[PDB]
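The form deposited in one PDB entry is given below as one chain in structure tokens.
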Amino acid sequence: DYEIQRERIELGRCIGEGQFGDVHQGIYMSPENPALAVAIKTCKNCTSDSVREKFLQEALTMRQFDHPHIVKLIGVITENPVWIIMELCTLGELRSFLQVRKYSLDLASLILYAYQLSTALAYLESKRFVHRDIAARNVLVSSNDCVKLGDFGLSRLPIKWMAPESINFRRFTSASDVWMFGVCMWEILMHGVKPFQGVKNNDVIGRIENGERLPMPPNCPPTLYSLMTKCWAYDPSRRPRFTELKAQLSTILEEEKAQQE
């Protein structure tokens, strides 16, 4: 069962905000397995059942997934104040982590993060789940060698990350998530810099249609940037599949690891 007794949760500092309320870090003291660090999503308005159902549906959404690179649901407290207890990724948000470690993280760690995210996305595609919000801001750092997709509720227009068909006609498929993943890979190799900085959202569409693309990040291997550009094919059917990106990122990772030993 997923119902958690409130006395077992100690609410810690605020780590972020979501549509329904503040997100906190905290501690969960399970009956048989002591001090576990957890993330706690709060909900200011779920004294109203209309808000409660939408909030708790976000926990049900994470309940169906079980992958090493997707945050897991620990449980829920369904009475007011309503809370969702999630796994805590102690090193926080990927963008800040990459900015802070811009000159200390090796290229193999950056490729490892892209590869780990491709395994989570290939897994979600096998479950017929279209994410729609693939971006570095929605990736968390569990440890130096482990990144995970954050909560899907906290992950929710991001025009600068979207595929042309998603912007033009609101079409959302695994092929549009591949475009977004290409942008997310670019953000990782750029050390947490956002795409199209200083450009208006309305002019992103025009630049993409003129053949312009986000440039090769400094010190990025040409084979890896070439993979990002395949994600940015205008035609969705010409983009690679997540299983192909997963195989190619593994080849690039092993090639980089072989250069060290």
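For the two forms, the rigid core is made up of the largest set of C-alpha atoms that agree within 1.5 Å on superposition. One rule holds for the numbers: they count along the sequence shown, beginning at 1.
Colleague: At least a third of the other compared entries lacking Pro31?
Modeller: Yes, left without coordinates in at least a third.
Colleague: Go through the other compared entries with residues on either side of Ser155 and state whether a third or more give it no coordinates.
Modeller: Yes; at least one third of the other entries leave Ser155 out.
Colleague: Please classify the unmodelled stretch of the deposited sequence between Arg156 and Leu157: none, 1 to 3, 4 to 9, or 10 or more residues.
Modeller: Unmodelled stretch: 10 or more residues.
Colleague: Output the stretch having the higher mean C-alpha B factor in the entry; the candidates are 99-107 and 112-120.
Modeller: The entry gives the higher C-alpha B-factor average to 99-107.
Colleague: Of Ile40, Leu214, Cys46, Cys231, which one's C-alpha B factor is largest in the deposited record?
Modeller: Highest C-alpha B-factor among the listed residues goes to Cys46.
Colleague: Sorting the chain's modelled residues by C-alpha B-factor, tell me whether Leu227 ends up in the lowest, middle or highest third.
Modeller: For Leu227, whose C-alpha B-factor we compare with every modelled residue in the chain, the answer is the middle third.
Colleague: Considering every modelled residue of the chain and its Cα B-factor in the PDB entry, is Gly182 in the lowest, middle or highest third?
Modeller: Lowest third.
Colleague: Can you work out whether the C-alpha temperature factor of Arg207 puts it in the lowest, middle or highest third of the chain?
Modeller: As the PDB entry reports it, the C-alpha B-factor of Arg207 lands in the highest third of its chain.
Colleague: Within this chain, which third does the Cα B-factor at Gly150 fall in: lowest, middle or highest?
Modeller: For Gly150, the deposited C-alpha B-factor lands in the lowest third.
Colleague: Quick one: classify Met62 as lowest, middle or highest third of the chain based on its Cα B-factor.
Modeller: Ranked within chain, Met62 CA B lands in the lowest tercile.
Below, we turn to the form deposited with a small molecule bound, even though it does not appear here.
Colleague: Using a 4.5 Å heavy atom cut-off, indicate which stretch of 125-133, 162-170, 75-83, 104-112 touches the small molecule in the deposited complex.
Modeller: Careful reading of the contacts points to 125-133.
Colleague: Report whether the minimum heavy atom distance between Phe181 and the small molecule in the deposited complex is within 4.5 Å.
Modeller: Flag for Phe181 set to yes.
Colleague: Taking heavy atoms and a 4.5 Å cut-off, does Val139 contact the small molecule in the deposited complex?
Modeller: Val139: yes, in contact with the small molecule in the deposited complex.
Colleague: Taking heavy atoms and a 4.5 Å cut-off, does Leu149 contact the small molecule in the deposited complex?
Modeller: Residue-level check for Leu149: yes, a contact with the small molecule.
Colleague: Although the partner isn't part of this model, could you tell me whether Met62 comes within 4.5 Å of the small molecule in the deposited complex, counting any heavy atom of the residue?
Modeller: Within the cut-off, so yes.
Colleague: Considering only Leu121, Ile134, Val147, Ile84, single out the residue whose C-alpha is displaced by at least 2 Å between the shown form and the other one after superposing the rigid core.
Modeller: The displaced C-alpha is that of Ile134.
Colleague: For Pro218, decide whether the Cα shift between the shown form and the other one is 2 Å or greater, given a superposition on the rigid core.
Modeller: False for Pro218: its C-alpha shift is below 2 Å.
Colleague: 2 Å or more on the CA of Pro31 between the shown form and the other one, with the rigid core superposed, yes or no?
Modeller: The answer is yes; the displacement is at least 2 Å.
Colleague: Are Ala233 and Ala136 closer or farther apart at the Cα level in the deposited complex than shown, by 3 Å or more?
Modeller: Compared with this form, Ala233 and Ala136 lie farther apart in the deposited complex.
Colleague: Using the form shown as baseline, tell whether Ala136 and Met62 are closer or farther in Cα-Cα distance in the deposited complex, where the change reaches 3 Å or more.
Modeller: Distance between the C-alphas of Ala136 and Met62: shorter in the deposited complex, by 3 Å or more.
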